[PDB]
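**Student:** Take a look at the following structure, please.
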There are 4 protein chains.
Amino acid sequence: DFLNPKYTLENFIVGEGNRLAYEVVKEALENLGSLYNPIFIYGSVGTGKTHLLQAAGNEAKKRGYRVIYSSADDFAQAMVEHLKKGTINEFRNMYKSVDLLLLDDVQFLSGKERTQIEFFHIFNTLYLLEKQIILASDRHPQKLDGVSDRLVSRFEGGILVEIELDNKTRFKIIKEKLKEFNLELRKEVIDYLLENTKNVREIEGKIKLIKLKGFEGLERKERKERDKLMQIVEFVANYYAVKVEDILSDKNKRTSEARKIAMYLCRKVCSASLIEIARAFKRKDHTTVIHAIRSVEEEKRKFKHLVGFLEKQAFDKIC
Amino acid sequence: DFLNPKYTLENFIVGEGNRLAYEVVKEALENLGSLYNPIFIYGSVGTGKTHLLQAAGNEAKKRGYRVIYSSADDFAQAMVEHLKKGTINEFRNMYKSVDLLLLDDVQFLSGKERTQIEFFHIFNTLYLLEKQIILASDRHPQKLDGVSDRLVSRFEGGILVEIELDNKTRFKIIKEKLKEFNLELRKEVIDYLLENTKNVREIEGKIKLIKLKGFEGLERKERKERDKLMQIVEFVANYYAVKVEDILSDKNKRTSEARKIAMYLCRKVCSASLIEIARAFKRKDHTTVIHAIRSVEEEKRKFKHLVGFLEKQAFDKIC
Amino acid sequence: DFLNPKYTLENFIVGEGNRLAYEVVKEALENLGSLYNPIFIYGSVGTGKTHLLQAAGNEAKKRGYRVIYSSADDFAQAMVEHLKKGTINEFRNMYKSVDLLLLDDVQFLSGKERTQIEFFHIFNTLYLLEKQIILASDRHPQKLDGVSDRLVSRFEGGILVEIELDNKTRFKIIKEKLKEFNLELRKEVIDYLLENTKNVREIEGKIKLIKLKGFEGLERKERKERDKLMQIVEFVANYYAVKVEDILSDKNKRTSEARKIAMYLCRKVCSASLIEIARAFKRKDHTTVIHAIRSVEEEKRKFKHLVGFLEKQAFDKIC
Amino acid sequence: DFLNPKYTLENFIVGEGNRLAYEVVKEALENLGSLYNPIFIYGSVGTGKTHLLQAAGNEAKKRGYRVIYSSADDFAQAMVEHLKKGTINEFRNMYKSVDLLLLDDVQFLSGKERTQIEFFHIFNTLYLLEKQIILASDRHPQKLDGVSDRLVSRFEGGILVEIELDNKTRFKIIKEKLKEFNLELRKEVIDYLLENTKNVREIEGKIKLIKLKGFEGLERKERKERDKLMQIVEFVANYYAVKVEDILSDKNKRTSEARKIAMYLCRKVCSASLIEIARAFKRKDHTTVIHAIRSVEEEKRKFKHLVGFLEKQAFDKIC
DNA sequence: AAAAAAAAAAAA
Ligand SMILES: Nc1ncnc2c1ncn2[C@@H]1O[C@H](COP(=O)(O)OP(=O)(O)CP(=O)(O)O)[C@@H](O)[C@H]1O
Ligand SMILES: Nc1ncnc2c1ncn2[C@@H]1O[C@H](COP(=O)(O)OP(=O)(O)CP(=O)(O)O)[C@@H](O)[C@H]1O
Ligand SMILES: Nc1ncnc2c1ncn2[C@@H]1O[C@H](COP(=O)(O)OP(=O)(O)CP(=O)(O)O)[C@@H](O)[C@H]1O
Ligand SMILES: Nc1ncnc2c1ncn2[C@@H]1O[C@H](COP(=O)(O)OP(=O)(O)CP(=O)(O)O)[C@@H](O)[C@H]1O
Ligand SMILES: [Mg+2]
Ligand SMILES: [Mg+2]
Ligand SMILES: [Mg+2]
Ligand SMILES: [Mg+2]
């Protein structure tokens, strides 16, 4: 069945960032297929998409409705296997006969034409039969490359709700998850989580870790791991004529090159991972870090001598 | 039955772009099979084809006529299954015994010979028996590759009505759809929708989204998402000696290469999707974008150095 | 009964191209089974075969003769079903007891042996009993592959009339059909229809379309759709050293390769359908277009560089 | 009764090829059952078998004798139906009570055991009662596979007359039929018919066609249809080192492969039917053409490159 | 007692 009861509508901490998605889903559960017919939720990794879909399915089940939960990739696989075993009909009929269809991680429809076709047929029959549909994705339907324009058009033609985790929400979720666990809401602690968690998964994790080995524990390891990577303020921001806070946030040939440098150094000497440099610079997607390192590697006239100097300087006074 | 009552002839906002299709259908409903015997509607994705066919079927039902609605692909599938189970006769007889046949998305007859044969027989028996036929498609019968010349000849030999959504129509439909939400009378909403919706599905969607989270909300996210992709006016139209409005509309080795460039940059650094670059350049079909990017990739003497320069310049002052 | 009264002998516009078929049929109706015993009409798609057979049947009915109209494929199906239900005798007897037998689209007897057998028996009993027989086909009995030599021999042993739609006939039919709609006597209209209709179905269609949305309407869309595909005169006929009129009509390694090229380009960049390229080149059967494109694809030494050049040139100055 | 009076002994043009059959039949009519007791006529398709049997029956009727004409297949069917309805006795008695039994197309007794049994009994009772029997077939009793040895033995034990249509006969029949149609015996005409008709059915047909649309008409269409298929002399007989007249008649790895090739090409590019290639090569039974094409398809080392070359060459300079 | 014709086509 794949509907794990742990995920419920009541467990879903609501804030300024997911209120829309939550309420839309809930209300759709009230009247199934009546309104908000094709619901398309999308958000960054670890935003609560799966929790939401799961909970919806659980409610539907609780009310006696036919339900199917399934990932896009798993849909593809299953369909292919039914193709091999030649019971594709039973597959189709099974899918079309639901009262609620939950398809998580839709972005995995890229490149699979036949899957998109099968799901297209299913989507249509369900929609026309006034059955409820709820899809979830890590990106806006537009960002869906390699997805037939018909499917994208359908996705956009319904309700398009994003889940954005701003500070005001992450705070709510942190406090509430702390409360859920027999945790006490200290400010040093909350204030800490705020600064070092972007999504709900990191929050849950960190929190469990506190519940296991105390806050003071993490504080130190993290502090050192991070400050031994804070060679930018010590060296790059003094040598190059620039402010630190400036070299953290983006926005020019005077501080940008200082950043490219910083990243390069972090990667070359400190042996920090791409993810760590990314996290440290407040950068996202860990893409501009790799491309920036390649950038500093390409420009290599006498900038190379400078590089070498800064490198030796880093090895000597960084470890 | 697959005739969802939500779709009605009265719900069909009529304008300069779909008046013909609408009126032809309606009048055919008045006298079934008498005139406009084979009606063949076709249009771009999200034009109202399905709504129209649906409504027709609903009227026919309302007047006591036998009706069948079905997609081409679903017709194929069903037929095949009746083949496996050997009740193909019942299938045929069922289809031939209608007073109105609605076949949506006909373009899906390509490559299916046996289906085309079955539907050929059905089409003929119905036509001769003076029963009404209405097909819908995303392309002109000519554009139907892999469809037996007999079928295409039949399609063209009736009434061939296209649905084109010009501005004067999209305006009507926008205003009228707004009326439903008590949201008309808004200048900013209308002028906005005009600029950012091509078909009725995008209109419906956007509008629902306004009804949910206000106009001001969308305005910002969209504005930024789009203007951070507006690196053409800032960089490509200044470096290359060309006007912006010119680099938007097509029409030469002086501004075309500027566009190819623009698209390439958008895809490489901004990480924008094909659909987004397409939407941004006012291009359609998102084909000339991919082929144009491949074009700039193929010509790679010293144009490569130039490319690199423009790329670094983009990474630095675009994020 | 399947004899739709709309089709009549009087409705059959006669010209240099169908006079023979028409008069033979008519005269045979005068004396049934007396002379012109087995009539075998054949022609290109949309030539009036069905109209003629229909009208014949209607006359026979009008005079009190037993009549059966039926397509070959439908004959096969029916026969098979009578086989399943074991009432094959009633089927046979029913068919043998007519005064006139009309079998449309005979070419569909290919591969069906048992059907050919059943129809063989019927044909014989009828012929011997001096009853009238009229068959229609899209090809000369010789071209009938997979049809038992006995049947073909019988087909050829009667009257073999073809219906060819030359210009002098299409003109007559166009003028007369224009008279059918009370819309008439336009030189631009007639001269237009002549140039863009090959069979009577296209004529009827186009004309209905004029009666609906005026001539000026079609003129433009068609003109552009066609001239944006007229990249041959602009590029292929200038680059390659050849005349345009020459590259339209066939007839050598100096202009043939220019054509292969032209078609290839049309298909690759303009995204024109096979049917559209065919129509544009004045080619028929849309076969030499596909085979020609495959031809240019196979020869791919440095002809490939040339190809690429011509392609880029086309994308740039064709859209 | 199924004895159409159109067929008479007087209408039977006699020549070197059917004189024997004719005279045997006639004389047997003189003395019924006295001599030439079991007459077994056989010939190629369209030789006059049915005409002869018919005429015999008509004479018998004219003289007051009991007669039955019937095809073998129709005998089988009838017998089976009498089996279902349980009036098989009346059937038997009806058949045994004739003075003359005419069974056309005997070869259709293959695989029908019970029929062969019934007809065996009938044959015996009639023969013993000194009643006349005349069977007709498209093949020599030996060639009758799936016919009980008793029946074949009986067939061979009587008079076995073949009807062969040599030139000297076809000429007679052509001239006489031309005289029948109020035709003039022009030489180009006769000489034409000789070259393009093998059996009397083709003769009748062609002639009717002349009587309808003149000789000059056919001449052209046929000439072109045939000469556009005459790509053998132009290409296959020049490339391969061989004579044309040689490549027409059979009789070795030097000209045979040239023929296999020729046929293959005709089928692949010219899109000619099996019957047309057969007719063109002077081949008979259209069997060696299919088997020869399969032959050239099977041998496909570098013979394939050669094939391709010849194919391109054919497409280019053959259309 | 003899014995009909035969669909479309995954991702990597
Ligand atoms: N708003 C919320 N309220 C309560 N719990 C939440 C929550 N958002 C996230 N969580 C918790 O975080 C965990 C991860 O959330 P979820 O599985 O939904 O991520 P996700 O599926 O949306 C991103 P991905 O699927 O790409 O990993 C869940 O176990 C869930 O309990
Ligand atoms: N003229 C009109 N009046 C009212 N509503 C309309 C309309 N045209 C389109 N719509 C709305 O737009 C939605 C989509 O339109 P439609 O059903 O015609 O899609 P479609 O089938 O034409 C595009 P596709 O080819 O992808 O199926 C419908 O739900 C319908 O309500
Ligand atoms: N000589 C004629 N006079 C009047 N109308 C004609 C005509 N020839 C063709 N038509 C019209 O063209 C239409 C198509 O003709 P028809 O039904 O005979 O097609 P067809 O059966 O001959 C070709 P196919 O069956 O292969 O599609 C008919 O509706 C008929 O009215
Ligand atoms: N020797 C002859 N004299 C006059 N007419 C002849 C003839 N031979 C053939 N015909 C004519 O040719 C037509 C076909 O001949 P016939 O009916 O005998 O075919 P058939 O039965 O011998 C071959 P099958 O039965 O296999 O089709 C007949 O209508 C007949 O009039
Ligand atoms: Mg998920
Ligand atoms: Mg549709
Ligand atoms: Mg027809
Ligand atoms: Mg015979």
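Along the chain as shown, residues are numbered 1 onward.
Recorded method for this deposit: X-ray crystallography, 3.4 Å.
Any Cβ shown, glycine's included, is placed from N, Cα and C.
Straight out of Swiss-Prot:
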REGION    D:2-214  region 'Domain III, AAA+ region'
BINDING   D:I13, D:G46, D:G48, D:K49, D:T50, D:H51, D:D104, D:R201  ATP binding site
BINDING   D:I13, D:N18, D:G46, D:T47, D:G48, D:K49, D:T50, D:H51  ADP binding site
BINDING   D:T50, D:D105  Mg(2+) binding site
BINDING   D:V80, D:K112, D:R114, D:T115  ssDNA binding site
**Student:** Let me know how many other Cβ atoms fall within 10 Å of the Cβ of D:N18 (ADP binding site).
**Tutor:** 28
**Student:** Hey, which of the binding-site residues D:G46, D:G48 is the loneliest by Cβ count within 10 Å?
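**Tutor:** Across D:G46, D:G48, these binding-site residues, the one with fewest Cβ atoms within 10 Å is D:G46.
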**Student:** Where the chain breaks for 3 residues between D:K300 and D:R301, how wide is that break in Å, taking the Cα atoms?
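**Tutor:** The answer is 7 Å, taken between the two Cα atoms.
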**Student:** Reported as an integer number of Å, what is the Cα distance between D:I13 (ATP binding site) and D:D105 (Mg(2+) binding site)?
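**Tutor:** Per the Cα atoms, D:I13 (ATP binding site) and D:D105 (Mg(2+) binding site) stand 21 Å apart.
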**Student:** Taking Cβ atoms only, which of the binding-site residues D:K49, D:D104, D:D105, D:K112, D:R201 fall under 8 Å from chain C?
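**Tutor:** From D:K49, D:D104, D:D105, D:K112, D:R201, the ones near chain C are D:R201.
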**Student:** Find the shortest Cα-Cα separation between D:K112 (ssDNA binding site) and the binding-site residues D:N18, D:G46, D:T50, D:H51, D:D104, and name the residue that gives it.
**Tutor:** D:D104
**Student:** Relative to the Cα of D:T115 (ssDNA binding site), which of the binding-site residues D:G46, D:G48, D:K49, D:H51 has the closest Cα?
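**Tutor:** That would be D:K49, nearest by Cα distance.
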**Student:** Round to the nearest Å and give the CA-to-CA distance linking D:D105 (Mg(2+) binding site) with D:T47 (ADP binding site).
**Tutor:** 12
**Student:** If you measure from the C-alpha of D:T47 (ADP binding site), which of the binding-site residues D:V80, D:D104, D:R114, D:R201 fall inside 10 Å?
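**Tutor:** So the list reads D:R201.
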**Student:** Tell me the Cβ contacts of D:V80 (ssDNA binding site) under 8 Å, same chain only and six or more apart in sequence, or just say none.
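**Tutor:** In sequence order, D:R114, D:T115 meet the Cβ cut-off.
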**Student:** What does DSSP say about D:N18 (ADP binding site): helix, strand or coil?
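**Tutor:** Once the DSSP labels are grouped into three classes, D:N18 (ADP binding site) ends up as coil.
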**Student:** To the nearest Å, how far is the Cα of D:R201 (ATP binding site) from the Cα of D:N18 (ADP binding site)?
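**Tutor:** One finds 15 Å between the Cα atoms of these residues.
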**Student:** Using Cβ atoms only, which residues of the same chain lie under 8 Å from D:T50 (ATP binding site) while being at least 6 residues apart in sequence?
**Tutor:** D:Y7, D:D104, D:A136
**Student:** Measure the Cβ-based neighbour count of D:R201 (ATP binding site), defined as the other Cβ atoms within 10 Å of its Cβ.
**Tutor:** 20
**Student:** For the ssDNA site (D:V80, D:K112, D:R114, D:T115), what does the 8 A shell look like? I mean other same-chain residues with CB within 8 A of the CB centroid.
**Tutor:** D:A76, D:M79, D:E113, D:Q116, D:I117, D:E118
**Student:** Using the alpha carbons only, what distance in Å do you get between D:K49 (ATP binding site) and D:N18 (ADP binding site) once rounded?
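**Tutor:** A Cα-Cα distance of 10 Å.
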**Student:** So the record assigns D:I13, D:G46, D:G48, D:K49, D:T50, D:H51, D:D104, D:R201 to ATP. If I measure every Cα pair among those residues, what is the longest distance in angstrom, as a whole number?
**Tutor:** 20
**Student:** Go through D:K49, D:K112, D:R114, our binding-site residues, and report the one whose Cβ sees the most other Cβ atoms within 10 Å.
**Tutor:** D:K49
